[PDB]
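Residue numbers (the authors' numbering), protein chains in the order written: chain A, 726 to 912; chain B, 50 to 97; chain C, 919 to 1390.
By construction, the Cβ of each residue, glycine as well, lies at the ideal position given by its N, Cα and C atoms.
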């Protein structure tokens, strides 16, 4: 992660070596030092009462490579998430060597595509890339216009609520056109 | 698909055409004038 | 085994893998359906209904037996610019019993090819045939003489790339494959020069390796061996190998016979290696001559090893190639093989190895009059081996120290492809082929790296797109 007028060099020096090179227009970024100049916003909004609360499913805190730590409850948690590097090489190596073989991405600007190629060089497959929201229904009549693009953006909707009642019935249709290539084993 | 199978049945078309060649079959030891030769088959086709 | 690894790279087979039907492109100009006019043919209408629907129009081009090498040229000049011609002159046509190579379709196709060459038309030619070449041993060849057209077409593909399009084989009797495929086949960008339309799809000629696991089955020369043209080098080394293996009797037969340059030395060598060998000066073209030759074979020994090797050849250039020319050039091959087969229905032959060449296996400039004979041997082996008669159409390459196989085209191909096989390994290749009862082995020393530089250059093809090493 580099400042403005720096990503240009970061991709110019990268395209000459014939490897993955991308740059984003986002003004903020995480796991790289920017929060080093702000220390009055990450440790001043905690007033947690001295009484117990319940929890939920465990999470894997990737802030120190293949960190076995589930979470860091320190006041510098946001700091290390925004400043300390994830060290994603070790993290994605541990993900691939175990069963974690689908990268269900949530943003349209992933920072693990390099990790995707790294895993492709080694063991592990099915490294996914799921996109964000592409609008959605206008209403129930303006329904279809942009919900067709919302479905076609990785966001599955509920189609039994679409046709809950419209006078629609089952119709035989051509199935999946299995793209066929010869895979034969000879004795 | 089942509709194509009905198209096959309705017009009385036989699917028995011949042996496959995509599978890398030898096809040359598969037959012999001697019916008892080991390695040889008897039918000269079949729907495949 | 380790020494038979050379034989495995020697023996090959022709297999018809299912290719594509071709990319259908809207044709223009005209597409002439060249055929005869003696009988009304529904194949004409079946071909046409998808031809004017392909964008062009259809014009009937009637051609008779030896009508002339020029008539079709001014006919095509009169119709105008043509994008291609369908040769429906080889549809449901019986083989004239006078000579397999006297087939009228072969002469008409050669005349049409030379007319298009002389008419400055430059359109691909497609020859429609009815089960002329087997798509596989499962089905059957109706006419081996029609395979001579396929062989001469493979040769023509290496002479006039623009004028020649290829051949399109269809099932005998059925015309649905024409209506289903011809439009995409003739205009296909795939580049297939060998089309075999069938009910299960479309099949293209392919070169595929023949595995040699060294089957325990051994073929022995027991009985008398009838070697046509035994004095000729090809049959010479075959007879020598038979005598070495322990052939009881040898019956080397050729028109020259004892009057051949090397007959006495070969006979002495056979007598030294084997025993009771005989050479005779008998014609093989005449049916009655072969009949009385077999009648004169001593009843003390049955005949089971007819090895047809006789082959006459002067030139194979297409500009002079006409049907009767091939006929009297390779009569000693075709007619002789037909007479031997017709005489050997009632003989329990353990081997009827028809000695053919690579001229039918792939295109061969200067062998255009020689290739039809080898293709007829291929088809005859197909027909015979299909029935209760073992057959083996080995397509030999350049033969070391052998007449007819050696010639100007031999050295030309030696400098742009195959070379003389060692007899010491060609004999083992033939032994292995007889061990499997292989229908049509293709025993070549082809050097794919250098041979394909002159084969696929003028005409890219998928005929060699099945050999793993042919990519290089």
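With respect to chain A, the C-beta atom of residue 50 of chain B has a partner C-beta closer than 9 angstroms. Fully contained in the stretch 810–869 of chain A are the following alpha helix (DSSP H) runs of length 4 or more, in chain order: 813–822, 838–846.
In this structure, the beta-carbon distance from residue 1351 of chain C to residue 1312 of chain C falls below 9 angstroms.
At least one CB of chain C lies nearer than 9 angstroms to the CB of residue 80 of chain B. When Cβ-Cβ separations below 9 angstroms define contact, residue 1264 of chain C makes no contact with chain B. Residues of the stretch 1349–1360 of chain C with a Cβ closer than 7 angstroms to any Cβ of chain B, in chain order: 1354, 1355, 1356, 1357. Around the beta carbon of residue 1229 of chain C, a 10 Å sphere encloses 16 or more other beta carbons of the protein chains shown; the residue is thus reported as buried.
Beta-bridge analysis with DSSP links residue 1043 of chain C to C:1003, C:1082. Proximity of residue 68 of chain B to chain C, defined by a Cβ-Cβ separation below 9 angstroms, is satisfied.
Sorting C:1059, C:1258, C:1345 by C-alpha distance to the C-alpha of residue 924 of chain C places C:1345 at the top. The shortest C-alpha to C-alpha distance from residue 984 of chain C to any of C:1139, C:1022, C:975 is the one to C:1022. Contact between residue 1255 of chain C and residue 1298 of chain C holds: CB atoms are separated by about 6 angstroms, below the 8 angstroms threshold. Rounded to whole angstroms, the gap between the alpha carbons of residue 1364 of chain C and residue 896 of chain A is 58 angstroms. Close CB contacts of residue 1159 of chain C within its chain, under the 6 angstroms cut and outside five residues either way in sequence, are with 1345 (chain order).
Cβ-Cβ separation between residue 1270 of chain C and residue 1307 of chain C: approximately 6 angstroms, consistent with a contact (criterion under 8 angstroms). Per DSSP, residue 65 of chain B is not a residue of any beta strand (DSSP E), being assigned neither H nor E.
Its Cα nearest to that of residue 1285 of chain C, the residue C:1070 stands out among C:1041, C:1063, C:1070, C:977. Between residue 71 of chain B and chain A, the shortest Cβ-Cβ separation is below 9 angstroms. As summarised for the stretch 1304–1366 of chain C, the continuous beta strand (DSSP E) elements at least 3 residues long and confined to that stretch are 1310–1314, given in chain order. Neighbourhood of residue 911 of chain A in chain B, by CB distance below 9 angstroms: 72, 73, in chain order. Runs of the alpha helix (DSSP H) lying entirely within the stretch 1181–1223 of chain C and spanning at least 4 residues, in chain order: 1181–1191, 1205–1213. Only residues of its own chain outside the window of five on either side were considered, and among them 810, 811 have a CB closer than 6 angstroms to the CB of residue 756 of chain A, listed in chain order. Taking the CA atoms as reference points, residue 52 of chain B sits about 29 angstroms from residue 965 of chain C.
Neighbours of residue 907 of chain A across chain B, judged by C-beta separation under 9 angstroms: 71.
With respect to chain C, the C-beta atom of residue 57 of chain B has no partner C-beta closer than 9 angstroms.
Annotation: Cβ neighbours of residue 94 of chain B in chain C (cutoff 9 angstroms, chain order): 1056, 1057. Counting only runs of at least 3 residues, the stretch 1125–1175 of chain C fully encloses the following beta strand (DSSP E) elements, listed from N- to C-terminal order: 1142–1146, 1167–1172. Check the Cα spacing between residue 1379 of chain C and each of C:1106, C:1216, C:1172: the tightest is with C:1106. DSSP, read as helix, strand or coil, puts residue 1276 of chain C in helix.
Counted as a single uninterrupted DSSP element, the alpha helix (DSSP H) harbouring residue 804 of chain A occupies residues 802–807. Residue 1119 of chain C is bridged by DSSP to C:1116. The beta carbon of residue 1281 of chain C sits closer than 6 angstroms to those of 1072, 1073, 1075, 1076, all from its chain and outside the five residues before and after it, given in chain order. Out of C:936, C:1185, C:1169, C:1295, the CA that lies nearest to the CA of residue 1108 of chain C is found in C:936. Annotation: the continuous alpha helix (DSSP H) that includes residue 1244 of chain C extends over 1241–1247. At least one C-beta of chain B is nearer than 9 angstroms to the C-beta of residue 900 of chain A.
Residue environment for residue 1111 of chain C: buried (at least 16 other C-beta atoms within 10 angstroms of its C-beta).
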